[PDB]
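Note sheet for the following structure.
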Amino acid sequence: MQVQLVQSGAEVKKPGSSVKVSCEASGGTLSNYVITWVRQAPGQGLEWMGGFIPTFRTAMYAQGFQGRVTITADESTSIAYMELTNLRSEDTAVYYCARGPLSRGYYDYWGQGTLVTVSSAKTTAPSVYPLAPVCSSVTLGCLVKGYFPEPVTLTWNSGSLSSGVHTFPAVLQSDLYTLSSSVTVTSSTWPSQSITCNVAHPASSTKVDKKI
Amino acid sequence: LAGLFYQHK
Amino acid sequence: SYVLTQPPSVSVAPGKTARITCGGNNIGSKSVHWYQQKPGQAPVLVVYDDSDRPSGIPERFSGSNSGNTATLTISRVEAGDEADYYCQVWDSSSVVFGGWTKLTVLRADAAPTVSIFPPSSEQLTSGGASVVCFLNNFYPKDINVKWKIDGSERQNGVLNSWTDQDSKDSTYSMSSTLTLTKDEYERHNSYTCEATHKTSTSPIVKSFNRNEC
C-alpha cells in the first residue's frame with residue numbers, strides 16, 4: 001500500500017479552549033518528511049498553518065498562528081499532532097494534514113480533513129423525516145432537520161444506491177442545521193422494492209435508518 | 001536557514 | 001507579503017482545454033505547485049515544480065511557469081475535472097496559496113426536474129410542517145424559486161441549498177424547504193413552488209392541496 005494519512009474525528013469546542021487533531025501515516029512514516037497542517041474555513045480557501053520536520057525538531061509557523069498552534073509528532077514518529085489553543089468562532093474550519101518530501105515545497109499526501117466547530121451551542125441530535133409522494137420515474141428524499149453541530153452522513157440503501165442521489169450542503173437556521181437529500185429511481189423500482197435512508201450524527205450517537 | 005522546506009530551483 | 005492571484009472562475013467546453021493562471025511578482029523564479037480539490041474531498045496534488053506530475057495524475061494535466069504567470073493546463077476536459085484549483089509557492093519562510101479557481105464545464109441547457117413533498121406524518125405529530133421542493137439536474141446555474149401558499153407568495157420561512165456542479169452530467173441541483181408551525185400549515189390549502197429557470201418563459205409549477213393528501 002502507499003501511505004495513507006488519517007486524521008482524528010470531527011470535534012466540538014467552546015471558545016477559549018484547546019483542540020488537538022491527530023495525523024497518522026497509516027502504512028508509512030513521518031520521519032524525514034515534512035509534515036504540514038492547512039486549514040479551510042467553509043466557503044473560503046486554503047490557509048497554511050505550519051510545517052514540522054520531526055526528524056529535525058524544527059518547525060515553521062504561519063505568522064497568523066505563531067504560536068497558538070503547535071505541531072508535534074509521535075515516537076513512533078508515525079503520528080503527527082496539531083494543537084491549537086485559545087479557540088474562537090473564527091477558528092471553525094476543516095483541518096487538513098499533508099506530507100511533503102524534504103526541501104521540495106510540495107505536499108503529495110493529504111489527510112482526509114477534520115472538522116472543528118468552535119461554539120457554545122449545545123450538541124443537538126437531528127430529526128429525520130422521510131419525503132415521498134404522499135398525494136415514469138420517481139424522486140424521493142430524506143430531510144435531516146434541526147441538528148448541531150456539523151456533520152452528518154447520509155447513505156441510500158447503504159451505498160447500494162449512489163446514482164440519482166443529490167445530497168445538499170447543510171444550511172444553518174436559528175442556530176441549527178438542516179439538510180436534504182434526493183434520490184431518483186426508475187418507477188418500476190419504488191415501491192416494488194424498498195429504498196432506505198441511512199443517516200448518522202456522531203455528535204449525538206444518532207444512527208437512523210428510514211424506509212421509504 | 002529553512003531550506004529544509006523548499007529549494008531555490 | 002507575497003500574493004498569488006487566481007481568477008475565481010474558468011469555464012471551458014467538454015473536450016476543450018482549460019487554463020488556470022497563478023500570477024505573482026517574479027513568479028517564474030519560484031517552484032510552483034498545483035492542487036485540485038473537489039467538493040467534500042481533501043486537496044490532491046496535480047502538478048509540482050512547475051511542470052512535473054505525480055503518480056496517478058492523467059497526462060492531460062500540465063504546467064508552466066515563466067515571468068509573472070504560472071499556468072495549469074488541463075487538456076480534454078471532462079466533468080470529472082470539475083473542481084477548485086489552488087496554486088502554491090514558498091516565499092520567505094512561508095507557504096502561500098491562491099484563492100480558488102472554480103473550473104466549471106459548459107454543457108447543453110437542461111430544465112429542472114421539480115418535485116414537491118408534503119410534510120411527513122411523523123413530523124406533523126411532532127408539531128411541525130415543512131414542504132420540500134427539489135429542483136434537480138438543470139443548466140445554467142441560475143434559478144429562482146417562489147413558494148406560494150394559496151396563490152400568495154411567501155418569502156420568509158425558506159431555506160435553500162445548491163449543489164456543486166455534478167461530476168457526472170455537469171448539471172445543477174437545488175433544494176428549497178419551506179418550514180412552518182403545524183398550526184400554520186393547517187390554515188391554508190394549496191402549497192406551490194414555482195421555478196423560474198431560463199429554459200422556459202413560463203415558470204414550472206409543482207403544487208398540492210391539503211384536502212387531497
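Chains: A, B, ... in order of the C-alpha cells. Residues: from 1 per chain. Ligands: from 1, in order shown.
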With 10 Å as the cut-off and only C-alpha atoms counted, what is the closest atom pair between each nearby residue of segment 34-133 of chain C and segment 145-157 of chain C? Distances in Å to one decimal, ordered by chain and number, as a tab-separated table.
residue	atom	partner	partner_atom	distance
C:130	CA	C:157	CA	9.4
C:131	CA	C:147	CA	9.6
C:133	CA	C:145	CA	9.0
May I have the selected residues written with N, CA and C atoms, as a PDB file, in the first residue's frame?
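Wrote part-v6.pdb, looks like this:
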ATOM      1  N   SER C 130     -42.944  21.089   7.196  1.00  0.00           N
ATOM      2  CA  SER C 130     -42.000  21.507   6.187  1.00  0.00           C
ATOM      3  C   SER C 130     -42.353  20.858   4.838  1.00  0.00           C
ATOM      4  N   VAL C 131     -42.418  21.726   3.823  1.00  0.00           N
ATOM      5  CA  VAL C 131     -42.659  21.358   2.436  1.00  0.00           C
ATOM      6  C   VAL C 131     -41.312  21.416   1.708  1.00  0.00           C
ATOM      7  N   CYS C 133     -39.236  21.300  -1.889  1.00  0.00           N
ATOM      8  CA  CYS C 133     -39.224  21.332  -3.325  1.00  0.00           C
ATOM      9  C   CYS C 133     -37.822  20.967  -3.773  1.00  0.00           C
TER      10      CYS C 133
END
Report task. Residues of chain B near chain C: apply a cut-off of 7 Å, count only C-alpha atoms, and supply the list as a VMD selection string. Result -> chain B and resid 2 6 8 to 9
Requested in this report: Please report as a ChimeraX atom specification which residues of chain A come no farther than 9 Å from chain B, using only C-alpha atoms.
Outcome: /A:34,51-53,58,60,100-106
Can I get the selected residues back with C-alpha atoms, as an mmCIF file, in the first residue's frame?
data_model
loop_
_atom_site.group_PDB
_atom_site.id
_atom_site.type_symbol
_atom_site.label_atom_id
_atom_site.label_comp_id
_atom_site.auth_asym_id
_atom_site.auth_seq_id
_atom_site.Cartn_x
_atom_site.Cartn_y
_atom_site.Cartn_z
ATOM 1 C CA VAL A 34 7.760 17.461 6.044
ATOM 2 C CA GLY A 51 5.258 22.817 8.770
ATOM 3 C CA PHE A 52 7.281 20.479 11.025
ATOM 4 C CA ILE A 53 10.164 18.053 10.497
ATOM 5 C CA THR A 58 12.358 22.288 13.710
ATOM 6 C CA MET A 60 7.807 26.866 10.842
ATOM 7 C CA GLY A 100 5.843 16.618 1.591
ATOM 8 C CA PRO A 101 9.312 15.259 0.977
ATOM 9 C CA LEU A 102 12.112 17.369 2.447
ATOM 10 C CA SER A 103 13.226 20.584 0.717
ATOM 11 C CA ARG A 104 10.742 20.151 -2.143
ATOM 12 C CA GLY A 105 7.980 22.549 -1.115
ATOM 13 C CA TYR A 106 5.026 20.484 -2.294
#
Report task. Using only C-alpha atoms, select each residue of chain C with any atom at most 7 Å away from an atom of chain A, and give the selection as a list in words. Result ->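 Residues satisfying the distance criterion: residues 33, 42, 43, 45, 48, 90, 94, 95, 97, 99, 100, 117, 118, 120, 122, 123, 161, 162, 163, 175, 212 and 213 of chain C.
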Report task. Apply DSSP to the backbone of this structure and, from chain C, keep only the residues in alpha helix (DSSP H); write these as an MDAnalysis selection string. Result -> chainID C and resid 121:126 182:185
Query raised in the report: What does the distance from atom CA of residue 148 of chain A to atom CA of residue 207 of chain A come to in Å, to one decimal?
Result: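 Going from atom CA of residue 148 of chain A over to atom CA of residue 207 of chain A covers 14.3 Å.
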Report task. Apply DSSP to the backbone of this structure and, from chain A, keep only the residues in strand (DSSP E); write these as a ChimeraX atom specification. Result -> /A:4-7,11-13,19-26,33-40,47-53,58-61,69-73,79-84,93-101,109-110,114-118,127-131,137-147,153-156,165-167,171-173,176-186,196-201,206-211
Query - A:175, A:74, A:91, A:150 ranked by distance to residue 203 of chain A, top pick (using only C-alpha atoms) - result: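 The shortest atom-to-atom distance to residue 203 of chain A comes from A:150.
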